[PDB]
Amino acid sequence: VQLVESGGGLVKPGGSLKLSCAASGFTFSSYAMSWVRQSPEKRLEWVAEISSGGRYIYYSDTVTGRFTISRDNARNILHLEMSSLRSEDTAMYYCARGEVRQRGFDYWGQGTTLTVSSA
Amino acid sequence: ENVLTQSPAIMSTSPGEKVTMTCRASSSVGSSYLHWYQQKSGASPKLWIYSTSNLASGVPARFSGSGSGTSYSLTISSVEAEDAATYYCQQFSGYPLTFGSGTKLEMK
Amino acid sequence: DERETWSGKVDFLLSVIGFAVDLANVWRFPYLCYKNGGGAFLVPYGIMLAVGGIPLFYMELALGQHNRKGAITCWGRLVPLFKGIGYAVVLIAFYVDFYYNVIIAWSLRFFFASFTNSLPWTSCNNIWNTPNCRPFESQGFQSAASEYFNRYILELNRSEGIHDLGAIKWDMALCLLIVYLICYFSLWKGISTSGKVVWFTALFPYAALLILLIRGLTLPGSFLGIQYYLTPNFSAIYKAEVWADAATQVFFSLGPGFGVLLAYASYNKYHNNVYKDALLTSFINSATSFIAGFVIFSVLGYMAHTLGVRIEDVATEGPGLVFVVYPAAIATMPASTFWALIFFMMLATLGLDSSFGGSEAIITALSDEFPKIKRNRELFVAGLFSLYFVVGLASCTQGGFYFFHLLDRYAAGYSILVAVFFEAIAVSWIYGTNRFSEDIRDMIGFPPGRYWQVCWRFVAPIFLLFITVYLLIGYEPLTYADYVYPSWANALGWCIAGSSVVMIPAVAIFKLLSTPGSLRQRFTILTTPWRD
Ligand SMILES: CC(C)CCC[C@@H](C)[C@H]1CC[C@H]2[C@@H]3CC=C4C[C@@H](OC(=O)CCC(=O)O)CC[C@]4(C)[C@H]3CC[C@]12C
Ligand SMILES: CC(C)CCC[C@@H](C)[C@H]1CC[C@H]2[C@@H]3CC=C4C[C@@H](O)CC[C@]4(C)[C@H]3CC[C@]12C
Ligand SMILES: CCCC(=O)NCCCN1CCc2c([nH]c3ccc(Cl)cc23)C1
Ligand SMILES: [Cl-]
Ligand code: NA
């Protein structure tokens with residue numbers, strides 16, 4: 001099993017971006033993936049979760065309404081669409097496998113850096 | 001919210017010392033839903049303990065987890081220079097999921 | 001759209017245990033073990049319990065907790081095409097309440113009959129006895145307790161048959177009134193009171209099965225009865241009939257898919273660990289059956305050893321066990337009055353909360369579907385139990401046992417099997433065990449492991465099909481003690497059985513005519529769950 005994320009880099013404040021995570025080595029359709037982001041102070045923060053089939057979705061209050069988690073069980077791709085990005089969204093985003101609440105995020109992606117600024 | 005605050009925020013040890021780090025929950029977390037993660041610098045976190053106690057696959061037996069309710073602890077019976085990482089607790093019982101502020105072992 | 005909750009986890013557990021622990025645990029399972037090879041029957045029984053039995057029981061509890069609605073709306077939301085399943089299950093519960101409460105009425109009638117220094121079924125010298133009476137069971141004779149039950153409690157031999165109910169026995173009608181008063185004043189306010197009354201009705205049976213088990217095993221000849229109960233004869237389990245008896249007993253003992261567990265689980269907190277509850281309550285379900293088998297057969301051993309009665313004569317199922325054979329034993333042992341009192345109170349409490357189950361299935365389903373009678377629960381439940389009483393007067397007539405037995409065979413047996421078969425099909429194939437596994441994961445935090453998915457998808461419908469096919473292979477026109485029912489009565493029986501199952505296709509067709517578009521678009525619109 002490994003997860004690898006794609007998308008990132010520099011986005012203007014108030015801009016938008018789509019992160020992606022590619023899943024391999026396991027039957028992706030039957031695992032409830034999650035997104036977790038790490039701020040540069042290395043504080044972890046859970047961003048969003050999507051169930052196995054994508055019918056149950058959850059968000060943290062700091063992200064709700066701004067982001068949109070999404071899933072592709074045919075191509076084994078996980079997505080996180082972002083809108084109204086803010087400076088506080090500057091973080092590394094980890095794809096996390098997270099199927100069983102009594103197991104936690106047992107597999108993590110490599111993470112991709114996202115930075116929100118004008119430069 | 002159910003914020004979790006870990007203590008100490010920073011820690012340092014000689015190898016072979018025995019140390020404990022704690023995760024305090026602002027609301028009671030079911031003993032089945034508290035986890036611990038290890039993050040080494042520059043790499044992704046890994047699952048380390050997946051309840052109060054159960055060690056994750058490939059985790060060395062030197063670690064153990066204990067406690068329940070609002071005060072959870074990760075213990076190391078003999079600390080080894082080959083960990084020296086940052087450990088985050090997490091609750092999974094209620095949404096939003098909250099990781100702790102994290103704590104770090106720095107080898108003296 | 002938020003709703004009341006149990007106000008206690010133990011109220012849910014004790015209510016499901018109450019419903020799942022019927023008289024059938026006492027008067028059927030021990031007989032099946034004796035008949036079908038003793039302790040070897042626990043192989044067919046254990047296998048059919050693990051496969052199909054508990055899977056369907058867990059499936060129903062999970063559906064109830066997830067959808068937060070009683071049967072009619074739960075199935076209308078889950079798979080609109082099969083909405084008729086909810087109406088079928090509600091009709092079946094409704095038809096059960098006409099006959100099932102009579103067993104409790106008889107239990108109370110014997111309870112009040114026990115308040116005497118010398119129990120009346122002790123002997124053949126009473127005005128109701130015939131010269132064919134004998135003290136205990138024998139071939140070609142009637143036992144004194146059988147004479148008491150038939151000729152004094154039922155007065156059955158005053159009726160020519162089901163065409164001749166005769167006079168109402170008002171001493172029985174008063175007992176059935178007391179039964180419906182207890183049901184009313186427990187159910188009228190809903191789970192706020194039902195959950196507290198089950199703390200008595202679901203736990204007193206285990207006070208009885210404790211102290212009455214201690215009485216049993218201390219009798220002389222007890223161990224002979226335990227030998228008849230559990231001497232393993234593995235030659236018997238090679239015969240498919242034993243597997244059909246095991247499967248049907250598991251299904252009806254647990255009562256999975258009966259809509260009562262939907263009703264009770266609907267009041268759970270959404271994140272309640274329904275899996276642990278399904279396993280705990282089915283384990284006690286079978287446990288209680290096994291212990292009640294020691295309770296019964298220790299006394300049947302005492303009889304077969306001490307009273308000389310042939311074991312083949314006393315070892316029997318149904319009312320004949322608990323109102324003839326077992327009280328005939330109680331009449332002989334020290335403190336007969338005390339054992340009679342606690343035994344018949346045990347039967348009463350085993351019946352009461354099993355009846356609360358069907359009544360709460362009806363009242364939840366109709367509350368959730370029709371708010372006009374969610375807001376007026378008290379008046380509705382008074383009208384319901386008044387209907388059950390006015391009809392049950394027929395079952396309190398002298399011929400009343402014939403009506404009881406007609407409903408007891410036809411009212412629910414066949415119809416609930418096809419209803420639960422369509423439940424397992426709608427859940428596992430039309431709704432999808434993938435979606436149902438997401439739902440369970442979201443509730444309890446882990447998906448049901450592949451074992452449960454294989455059971456619900458493939459083995460549960462085969463299990464139910466095997467049960468119903470063996471019930472139809474085993475069909476023979478209704479008969480009782482050399483009274484053979486007229487063909488019009490069997491026809492009425494099959495009409496009562498059909499009246500519920502016909503709701504499934506009738507409602508499916510009505511739904512399929514009202515939805516617009518081409519046939520495939522109607523099928524899709526009717527298959528999409530309400531929450532999608
Ligand atoms: C007289 C009384 C005391 C007997 C009652 C015992 C039953 C409650 C036991 C006997 C075999 C058990 C079954 C055997 C096997 C399984 C499979 C096993 O599979 C699992 O669910 C665990 C693994 C997973 O969840 O993936 C546990 C459920 C079940 C049906 C058990 C549920 C309880 C059963 C029926
Ligand atoms: C008398 C002998 C044969 C059997 C007695 C066993 C009795 C004591 C057992 C059987 C079923 C058990 C109950 C089943 C479920 C629950 C819910 C749990 O949250 C509290 C314990 C409680 C309420 C148990 C109490 C003890 C109990 C009643
Ligand atoms: C051995 C197979 C034949 C058999 O045992 N026939 C008796 C059937 C026993 N009956 C099953 C249906 C049934 C009962 N009590 C209920 C409450 C509510 C609802 Cl919805 C259904 C039922 C009780
Ligand atoms: Cl049983
Ligand atoms: Na039972």
# chains A, B, ... in the order shown; residues from 1 in each chain; ligands from 1

call {"tool": "select_by_dssp", "arguments": {"residues": "range 21-67 of chain B", "states": "strand (DSSP E)", "output": "JSON, numbers by chain"}}
result
{"B": [21, 22, 23, 24, 25, 26, 27, 28, 29, 34, 35, 36, 37, 38, 39, 46, 47, 48, 49, 63, 64, 65, 66, 67]}

call {"tool": "write_last_selection", "arguments": {"atoms": "C-alpha atoms", "output": "JSON list (two decimals), in the first residue's frame"}}
result
[["chain", "number", "residue", "atom", "x", "y", "z"],
["B", 21, "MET", "CA", 3.67, 11.73, 27.69],
["B", 22, "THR", "CA", 0.01, 12.54, 28.19],
["B", 23, "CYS", "CA", -3.00, 13.52, 26.10],
["B", 24, "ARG", "CA", -5.72, 15.47, 27.93],
["B", 25, "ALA", "CA", -9.19, 15.64, 26.40],
["B", 26, "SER", "CA", -11.58, 18.53, 27.00],
["B", 27, "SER", "CA", -14.37, 15.95, 26.75],
["B", 28, "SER", "CA", -14.36, 12.27, 27.64],
["B", 29, "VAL", "CA", -13.04, 10.10, 24.81],
["B", 34, "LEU", "CA", -7.77, 7.33, 21.17],
["B", 35, "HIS", "CA", -4.74, 6.75, 18.95],
["B", 36, "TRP", "CA", -1.11, 7.83, 18.92],
["B", 37, "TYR", "CA", 0.93, 8.72, 15.84],
["B", 38, "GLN", "CA", 4.69, 9.06, 15.41],
["B", 39, "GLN", "CA", 6.10, 11.64, 13.01],
["B", 46, "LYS", "CA", 2.68, 6.78, 11.09],
["B", 47, "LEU", "CA", 0.10, 5.06, 13.24],
["B", 48, "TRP", "CA", 1.72, 3.94, 16.48],
["B", 49, "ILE", "CA", -1.00, 2.94, 18.97],
["B", 63, "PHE", "CA", 6.19, 1.38, 23.73],
["B", 64, "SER", "CA", 2.98, 1.00, 25.67],
["B", 65, "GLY", "CA", -0.21, 3.03, 25.97],
["B", 66, "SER", "CA", -2.42, 3.27, 29.04],
["B", 67, "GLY", "CA", -5.15, 5.27, 30.78]]

call {"tool": "interface_residues", "arguments": {"of": "chain A", "to": "chain B", "cutoff": "8 Å", "atoms": "only C-alpha atoms", "output": "list in words"}}
result
residues 43, 44, 45, 46, 58, 59, 60, 61, 94, 101, 102, 103, 104, 105, 106, 107, 108, 109, 110 and 111 of chain A

call {"tool": "residues_around", "arguments": {"residues": "range 8-16 of chain A", "least_positions_apart": "6", "cutoff": "6 Å", "atoms": "only C-alpha atoms", "output": "mmCIF file with C-alpha atoms, in the first residue's frame"}}
result
data_model
loop_
_atom_site.group_PDB
_atom_site.id
_atom_site.type_symbol
_atom_site.label_atom_id
_atom_site.label_comp_id
_atom_site.auth_asym_id
_atom_site.auth_seq_id
_atom_site.Cartn_x
_atom_site.Cartn_y
_atom_site.Cartn_z
ATOM 1 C CA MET A 82 -10.597 24.238 -2.441
ATOM 2 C CA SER A 83 -12.237 27.641 -2.808
ATOM 3 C CA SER A 84 -11.739 30.938 -0.992
ATOM 4 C CA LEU A 85 -8.278 29.875 0.113
ATOM 5 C CA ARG A 86 -6.855 31.927 2.978
ATOM 6 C CA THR A 113 2.915 21.457 0.334
ATOM 7 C CA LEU A 114 0.375 24.209 -0.296
ATOM 8 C CA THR A 115 1.262 27.873 0.183
ATOM 9 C CA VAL A 116 -1.165 30.788 -0.058
ATOM 10 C CA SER A 117 0.417 34.174 -0.767
ATOM 11 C CA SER A 118 1.106 36.767 -3.443
#

call {"tool": "residues_near_ligand", "arguments": {"ligand": "ligand 4", "cutoff": "12 Å", "atoms": "only C-alpha atoms and all ligand atoms", "output": "MDAnalysis selection string"}}
result
chainID C and resid 20:33 41:42 45:46 48:49 53:54 245:255 281:293

call {"tool": "residues_near_ligand", "arguments": {"ligand": "ligand 2", "cutoff": "12 Å", "atoms": "only C-alpha atoms and all ligand atoms", "output": "PDB file with N, CA, C and O atoms, in the first residue's frame"}}
result
ATOM      1  N   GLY C   8     -31.856   4.977  28.432  1.00  0.00           N
ATOM      2  CA  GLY C   8     -31.076   3.967  29.112  1.00  0.00           C
ATOM      3  C   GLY C   8     -30.689   2.857  28.161  1.00  0.00           C
ATOM      4  O   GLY C   8     -31.545   2.326  27.454  1.00  0.00           O
ATOM      5  N   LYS C   9     -29.409   2.501  28.111  1.00  0.00           N
ATOM      6  CA  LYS C   9     -28.997   1.434  27.207  1.00  0.00           C
ATOM      7  C   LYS C   9     -29.546   0.098  27.679  1.00  0.00           C
ATOM      8  O   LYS C   9     -29.951  -0.748  26.867  1.00  0.00           O
ATOM      9  N   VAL C  10     -29.578  -0.102  28.994  1.00  0.00           N
ATOM     10  CA  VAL C  10     -30.084  -1.351  29.536  1.00  0.00           C
ATOM     11  C   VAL C  10     -31.572  -1.493  29.263  1.00  0.00           C
ATOM     12  O   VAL C  10     -32.078  -2.611  29.179  1.00  0.00           O
ATOM     13  N   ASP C  11     -32.303  -0.386  29.109  1.00  0.00           N
ATOM     14  CA  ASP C  11     -33.702  -0.512  28.710  1.00  0.00           C
ATOM     15  C   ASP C  11     -33.815  -1.119  27.323  1.00  0.00           C
ATOM     16  O   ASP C  11     -34.652  -1.995  27.090  1.00  0.00           O
ATOM     17  N   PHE C  12     -32.939  -0.721  26.405  1.00  0.00           N
ATOM     18  CA  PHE C  12     -32.948  -1.326  25.081  1.00  0.00           C
ATOM     19  C   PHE C  12     -32.586  -2.796  25.153  1.00  0.00           C
ATOM     20  O   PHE C  12     -33.254  -3.645  24.551  1.00  0.00           O
ATOM     21  N   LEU C  13     -31.508  -3.116  25.864  1.00  0.00           N
ATOM     22  CA  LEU C  13     -31.091  -4.508  25.949  1.00  0.00           C
ATOM     23  C   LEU C  13     -32.185  -5.375  26.557  1.00  0.00           C
ATOM     24  O   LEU C  13     -32.530  -6.422  26.006  1.00  0.00           O
ATOM     25  N   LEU C  14     -32.727  -4.972  27.707  1.00  0.00           N
ATOM     26  CA  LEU C  14     -33.774  -5.758  28.344  1.00  0.00           C
ATOM     27  C   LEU C  14     -35.040  -5.818  27.509  1.00  0.00           C
ATOM     28  O   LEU C  14     -35.747  -6.821  27.552  1.00  0.00           O
ATOM     29  N   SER C  15     -35.342  -4.787  26.722  1.00  0.00           N
ATOM     30  CA  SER C  15     -36.528  -4.861  25.878  1.00  0.00           C
ATOM     31  C   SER C  15     -36.339  -5.849  24.737  1.00  0.00           C
ATOM     32  O   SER C  15     -37.248  -6.628  24.426  1.00  0.00           O
ATOM     33  N   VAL C  16     -35.161  -5.854  24.113  1.00  0.00           N
ATOM     34  CA  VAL C  16     -34.909  -6.813  23.040  1.00  0.00           C
ATOM     35  C   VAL C  16     -34.817  -8.231  23.589  1.00  0.00           C
ATOM     36  O   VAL C  16     -35.255  -9.184  22.943  1.00  0.00           O
ATOM     37  N   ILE C  17     -34.209  -8.403  24.763  1.00  0.00           N
ATOM     38  CA  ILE C  17     -34.177  -9.718  25.399  1.00  0.00           C
ATOM     39  C   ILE C  17     -35.582 -10.175  25.771  1.00  0.00           C
ATOM     40  O   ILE C  17     -35.929 -11.349  25.610  1.00  0.00           O
ATOM     41  N   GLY C  18     -36.404  -9.270  26.302  1.00  0.00           N
ATOM     42  CA  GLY C  18     -37.788  -9.608  26.579  1.00  0.00           C
ATOM     43  C   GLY C  18     -38.519 -10.087  25.346  1.00  0.00           C
ATOM     44  O   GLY C  18     -39.158 -11.139  25.356  1.00  0.00           O
ATOM     45  N   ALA C  20     -37.257 -11.204  22.512  1.00  0.00           N
ATOM     46  CA  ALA C  20     -36.630 -12.378  21.923  1.00  0.00           C
ATOM     47  C   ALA C  20     -36.771 -13.642  22.756  1.00  0.00           C
ATOM     48  O   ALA C  20     -36.397 -14.715  22.277  1.00  0.00           O
ATOM     49  N   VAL C  21     -37.305 -13.561  23.963  1.00  0.00           N
ATOM     50  CA  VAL C  21     -37.362 -14.700  24.875  1.00  0.00           C
ATOM     51  C   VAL C  21     -38.833 -14.995  25.134  1.00  0.00           C
ATOM     52  O   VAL C  21     -39.441 -14.469  26.066  1.00  0.00           O
ATOM     53  N   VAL C 198     -40.260  -3.406  31.314  1.00  0.00           N
ATOM     54  CA  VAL C 198     -39.474  -4.570  30.939  1.00  0.00           C
ATOM     55  C   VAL C 198     -38.415  -4.917  31.976  1.00  0.00           C
ATOM     56  O   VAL C 198     -38.000  -6.071  32.037  1.00  0.00           O
ATOM     57  N   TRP C 199     -38.043  -3.995  32.865  1.00  0.00           N
ATOM     58  CA  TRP C 199     -37.151  -4.368  33.961  1.00  0.00           C
ATOM     59  C   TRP C 199     -37.763  -5.419  34.869  1.00  0.00           C
ATOM     60  O   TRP C 199     -37.032  -6.163  35.528  1.00  0.00           O
ATOM     61  N   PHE C 200     -39.087  -5.498  34.923  1.00  0.00           N
ATOM     62  CA  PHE C 200     -39.751  -6.612  35.587  1.00  0.00           C
ATOM     63  C   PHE C 200     -39.989  -7.772  34.629  1.00  0.00           C
ATOM     64  O   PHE C 200     -39.613  -8.912  34.915  1.00  0.00           O
ATOM     65  N   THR C 201     -40.662  -7.506  33.511  1.00  0.00           N
ATOM     66  CA  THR C 201     -41.151  -8.618  32.702  1.00  0.00           C
ATOM     67  C   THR C 201     -40.025  -9.397  32.027  1.00  0.00           C
ATOM     68  O   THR C 201     -40.190 -10.590  31.758  1.00  0.00           O
ATOM     69  N   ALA C 202     -38.891  -8.765  31.717  1.00  0.00           N
ATOM     70  CA  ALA C 202     -37.780  -9.459  31.082  1.00  0.00           C
ATOM     71  C   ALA C 202     -36.828 -10.118  32.064  1.00  0.00           C
ATOM     72  O   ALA C 202     -36.038 -10.971  31.650  1.00  0.00           O
ATOM     73  N   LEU C 203     -36.863  -9.739  33.340  1.00  0.00           N
ATOM     74  CA  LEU C 203     -35.954 -10.298  34.331  1.00  0.00           C
ATOM     75  C   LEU C 203     -36.602 -11.282  35.286  1.00  0.00           C
ATOM     76  O   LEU C 203     -35.901 -12.138  35.821  1.00  0.00           O
ATOM     77  N   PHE C 204     -37.902 -11.186  35.541  1.00  0.00           N
ATOM     78  CA  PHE C 204     -38.539 -12.201  36.374  1.00  0.00           C
ATOM     79  C   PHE C 204     -38.453 -13.597  35.775  1.00  0.00           C
ATOM     80  O   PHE C 204     -38.265 -14.556  36.546  1.00  0.00           O
ATOM     81  N   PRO C 205     -38.589 -13.796  34.466  1.00  0.00           N
ATOM     82  CA  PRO C 205     -38.337 -15.128  33.909  1.00  0.00           C
ATOM     83  C   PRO C 205     -37.021 -15.735  34.327  1.00  0.00           C
ATOM     84  O   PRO C 205     -36.947 -16.957  34.453  1.00  0.00           O
ATOM     85  N   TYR C 206     -35.981 -14.946  34.578  1.00  0.00           N
ATOM     86  CA  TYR C 206     -34.722 -15.531  35.011  1.00  0.00           C
ATOM     87  C   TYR C 206     -34.642 -15.753  36.511  1.00  0.00           C
ATOM     88  O   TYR C 206     -33.962 -16.691  36.939  1.00  0.00           O
ATOM     89  N   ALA C 207     -35.423 -15.029  37.308  1.00  0.00           N
ATOM     90  CA  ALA C 207     -35.613 -15.449  38.691  1.00  0.00           C
ATOM     91  C   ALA C 207     -36.298 -16.803  38.732  1.00  0.00           C
ATOM     92  O   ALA C 207     -35.910 -17.689  39.508  1.00  0.00           O
ATOM     93  N   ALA C 208     -37.329 -16.979  37.908  1.00  0.00           N
ATOM     94  CA  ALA C 208     -37.999 -18.269  37.842  1.00  0.00           C
ATOM     95  C   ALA C 208     -37.041 -19.347  37.348  1.00  0.00           C
ATOM     96  O   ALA C 208     -36.692 -20.264  38.087  1.00  0.00           O
ATOM     97  N   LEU C 209     -36.494 -19.189  36.146  1.00  0.00           N
ATOM     98  CA  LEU C 209     -35.585 -20.204  35.632  1.00  0.00           C
ATOM     99  C   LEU C 209     -34.363 -20.414  36.513  1.00  0.00           C
ATOM    100  O   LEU C 209     -33.620 -21.368  36.275  1.00  0.00           O
ATOM    101  N   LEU C 210     -34.122 -19.564  37.508  1.00  0.00           N
ATOM    102  CA  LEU C 210     -33.132 -19.903  38.523  1.00  0.00           C
ATOM    103  C   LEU C 210     -33.725 -20.798  39.608  1.00  0.00           C
ATOM    104  O   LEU C 210     -33.277 -21.933  39.803  1.00  0.00           O
ATOM    105  N   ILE C 211     -34.711 -20.294  40.354  1.00  0.00           N
ATOM    106  CA  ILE C 211     -35.159 -21.042  41.529  1.00  0.00           C
ATOM    107  C   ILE C 211     -35.957 -22.278  41.138  1.00  0.00           C
ATOM    108  O   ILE C 211     -35.903 -23.303  41.826  1.00  0.00           O
ATOM    109  N   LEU C 212     -36.644 -22.240  40.004  1.00  0.00           N
ATOM    110  CA  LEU C 212     -37.354 -23.401  39.495  1.00  0.00           C
ATOM    111  C   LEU C 212     -36.403 -24.409  38.864  1.00  0.00           C
ATOM    112  O   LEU C 212     -36.675 -25.610  38.895  1.00  0.00           O
ATOM    113  N   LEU C 213     -35.243 -23.957  38.385  1.00  0.00           N
ATOM    114  CA  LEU C 213     -34.193 -24.888  37.980  1.00  0.00           C
ATOM    115  C   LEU C 213     -33.579 -25.579  39.183  1.00  0.00           C
ATOM    116  O   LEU C 213     -33.282 -26.777  39.136  1.00  0.00           O
ATOM    117  N   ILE C 214     -33.349 -24.831  40.259  1.00  0.00           N
ATOM    118  CA  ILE C 214     -32.826 -25.439  41.479  1.00  0.00           C
ATOM    119  C   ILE C 214     -33.814 -26.451  42.038  1.00  0.00           C
ATOM    120  O   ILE C 214     -33.425 -27.536  42.484  1.00  0.00           O
ATOM    121  N   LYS C 276     -22.595  -5.092  19.077  1.00  0.00           N
ATOM    122  CA  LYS C 276     -22.424  -5.728  20.375  1.00  0.00           C
ATOM    123  C   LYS C 276     -23.765  -6.108  20.977  1.00  0.00           C
ATOM    124  O   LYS C 276     -23.900  -7.169  21.595  1.00  0.00           O
ATOM    125  N   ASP C 277     -24.786  -5.279  20.763  1.00  0.00           N
ATOM    126  CA  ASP C 277     -26.108  -5.582  21.296  1.00  0.00           C
ATOM    127  C   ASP C 277     -26.742  -6.761  20.576  1.00  0.00           C
ATOM    128  O   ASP C 277     -27.362  -7.618  21.212  1.00  0.00           O
ATOM    129  N   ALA C 278     -26.594  -6.832  19.254  1.00  0.00           N
ATOM    130  CA  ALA C 278     -27.158  -7.959  18.524  1.00  0.00           C
ATOM    131  C   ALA C 278     -26.522  -9.267  18.965  1.00  0.00           C
ATOM    132  O   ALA C 278     -27.226 -10.260  19.209  1.00  0.00           O
ATOM    133  N   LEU C 279     -25.207  -9.260  19.188  1.00  0.00           N
ATOM    134  CA  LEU C 279     -24.556 -10.496  19.617  1.00  0.00           C
ATOM    135  C   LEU C 279     -24.932 -10.856  21.046  1.00  0.00           C
ATOM    136  O   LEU C 279     -25.250 -12.018  21.336  1.00  0.00           O
ATOM    137  N   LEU C 280     -24.964  -9.872  21.942  1.00  0.00           N
ATOM    138  CA  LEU C 280     -25.317 -10.151  23.327  1.00  0.00           C
ATOM    139  C   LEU C 280     -26.731 -10.701  23.428  1.00  0.00           C
ATOM    140  O   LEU C 280     -26.973 -11.702  24.115  1.00  0.00           O
ATOM    141  N   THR C 281     -27.688 -10.061  22.753  1.00  0.00           N
ATOM    142  CA  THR C 281     -29.077 -10.460  22.922  1.00  0.00           C
ATOM    143  C   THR C 281     -29.396 -11.774  22.217  1.00  0.00           C
ATOM    144  O   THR C 281     -30.202 -12.555  22.733  1.00  0.00           O
ATOM    145  N   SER C 282     -28.733 -12.101  21.101  1.00  0.00           N
ATOM    146  CA  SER C 282     -28.988 -13.418  20.523  1.00  0.00           C
ATOM    147  C   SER C 282     -28.327 -14.522  21.339  1.00  0.00           C
ATOM    148  O   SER C 282     -28.917 -15.598  21.538  1.00  0.00           O
ATOM    149  N   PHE C 283     -27.146 -14.254  21.896  1.00  0.00           N
ATOM    150  CA  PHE C 283     -26.536 -15.242  22.774  1.00  0.00           C
ATOM    151  C   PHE C 283     -27.413 -15.511  23.981  1.00  0.00           C
ATOM    152  O   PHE C 283     -27.620 -16.666  24.360  1.00  0.00           O
ATOM    153  N   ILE C 284     -27.934 -14.497  24.650  1.00  0.00           N
ATOM    154  CA  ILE C 284     -28.816 -14.794  25.765  1.00  0.00           C
ATOM    155  C   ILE C 284     -30.088 -15.468  25.246  1.00  0.00           C
ATOM    156  O   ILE C 284     -30.680 -16.270  25.939  1.00  0.00           O
ATOM    157  N   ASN C 285     -30.492 -15.170  24.014  1.00  0.00           N
ATOM    158  CA  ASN C 285     -31.702 -15.766  23.445  1.00  0.00           C
ATOM    159  C   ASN C 285     -31.612 -17.274  23.427  1.00  0.00           C
ATOM    160  O   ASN C 285     -32.559 -17.962  23.816  1.00  0.00           O
ATOM    161  N   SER C 286     -30.477 -17.790  22.968  1.00  0.00           N
ATOM    162  CA  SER C 286     -30.274 -19.235  22.868  1.00  0.00           C
ATOM    163  C   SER C 286     -29.904 -19.787  24.218  1.00  0.00           C
ATOM    164  O   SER C 286     -30.303 -20.893  24.563  1.00  0.00           O
ATOM    165  N   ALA C 287     -29.148 -19.021  24.993  1.00  0.00           N
ATOM    166  CA  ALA C 287     -28.783 -19.427  26.349  1.00  0.00           C
ATOM    167  C   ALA C 287     -30.023 -19.734  27.179  1.00  0.00           C
ATOM    168  O   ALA C 287     -30.128 -20.816  27.756  1.00  0.00           O
ATOM    169  N   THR C 288     -30.964 -18.800  27.213  1.00  0.00           N
ATOM    170  CA  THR C 288     -32.218 -18.946  27.937  1.00  0.00           C
ATOM    171  C   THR C 288     -32.979 -20.174  27.472  1.00  0.00           C
ATOM    172  O   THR C 288     -33.546 -20.902  28.288  1.00  0.00           O
ATOM    173  N   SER C 289     -33.007 -20.421  26.164  1.00  0.00           N
ATOM    174  CA  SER C 289     -33.642 -21.642  25.674  1.00  0.00           C
ATOM    175  C   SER C 289     -32.988 -22.883  26.275  1.00  0.00           C
ATOM    176  O   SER C 289     -33.673 -23.796  26.749  1.00  0.00           O
ATOM    177  N   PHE C 290     -31.659 -22.928  26.273  1.00  0.00           N
ATOM    178  CA  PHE C 290     -30.940 -24.094  26.785  1.00  0.00           C
ATOM    179  C   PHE C 290     -31.213 -24.311  28.281  1.00  0.00           C
ATOM    180  O   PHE C 290     -31.514 -25.432  28.732  1.00  0.00           O
ATOM    181  N   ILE C 291     -31.160 -23.237  29.067  1.00  0.00           N
ATOM    182  CA  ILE C 291     -31.413 -23.374  30.496  1.00  0.00           C
ATOM    183  C   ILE C 291     -32.862 -23.772  30.750  1.00  0.00           C
ATOM    184  O   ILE C 291     -33.151 -24.576  31.644  1.00  0.00           O
ATOM    185  N   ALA C 292     -33.803 -23.202  29.997  1.00  0.00           N
ATOM    186  CA  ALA C 292     -35.191 -23.613  30.147  1.00  0.00           C
ATOM    187  C   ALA C 292     -35.370 -25.073  29.779  1.00  0.00           C
ATOM    188  O   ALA C 292     -36.269 -25.739  30.298  1.00  0.00           O
ATOM    189  N   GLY C 293     -34.520 -25.595  28.900  1.00  0.00           N
ATOM    190  CA  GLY C 293     -34.566 -27.019  28.628  1.00  0.00           C
ATOM    191  C   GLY C 293     -34.138 -27.847  29.819  1.00  0.00           C
ATOM    192  O   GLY C 293     -34.730 -28.893  30.097  1.00  0.00           O
ATOM    193  N   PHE C 294     -33.171 -27.356  30.593  1.00  0.00           N
ATOM    194  CA  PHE C 294     -32.889 -28.086  31.834  1.00  0.00           C
ATOM    195  C   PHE C 294     -34.016 -27.942  32.844  1.00  0.00           C
ATOM    196  O   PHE C 294     -34.348 -28.911  33.536  1.00  0.00           O
ATOM    197  N   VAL C 295     -34.666 -26.782  32.888  1.00  0.00           N
ATOM    198  CA  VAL C 295     -35.795 -26.599  33.799  1.00  0.00           C
ATOM    199  C   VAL C 295     -36.904 -27.593  33.484  1.00  0.00           C
ATOM    200  O   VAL C 295     -37.426 -28.272  34.372  1.00  0.00           O
TER     201      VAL C 295
END

call {"tool": "closest_residue", "arguments": {"among": "C:472, C:393, C:187, C:460", "to": "ligand 1", "atoms": "only C-alpha atoms and all ligand atoms"}}
result
C:460

call {"tool": "interface_residues", "arguments": {"of": "chain C", "to": "chain A", "cutoff": "10 Å", "atoms": "only C-alpha atoms", "output": "PyMOL selection string"}}
result
chain C and resi 434-435+437-439+441-442+444-447+531-532
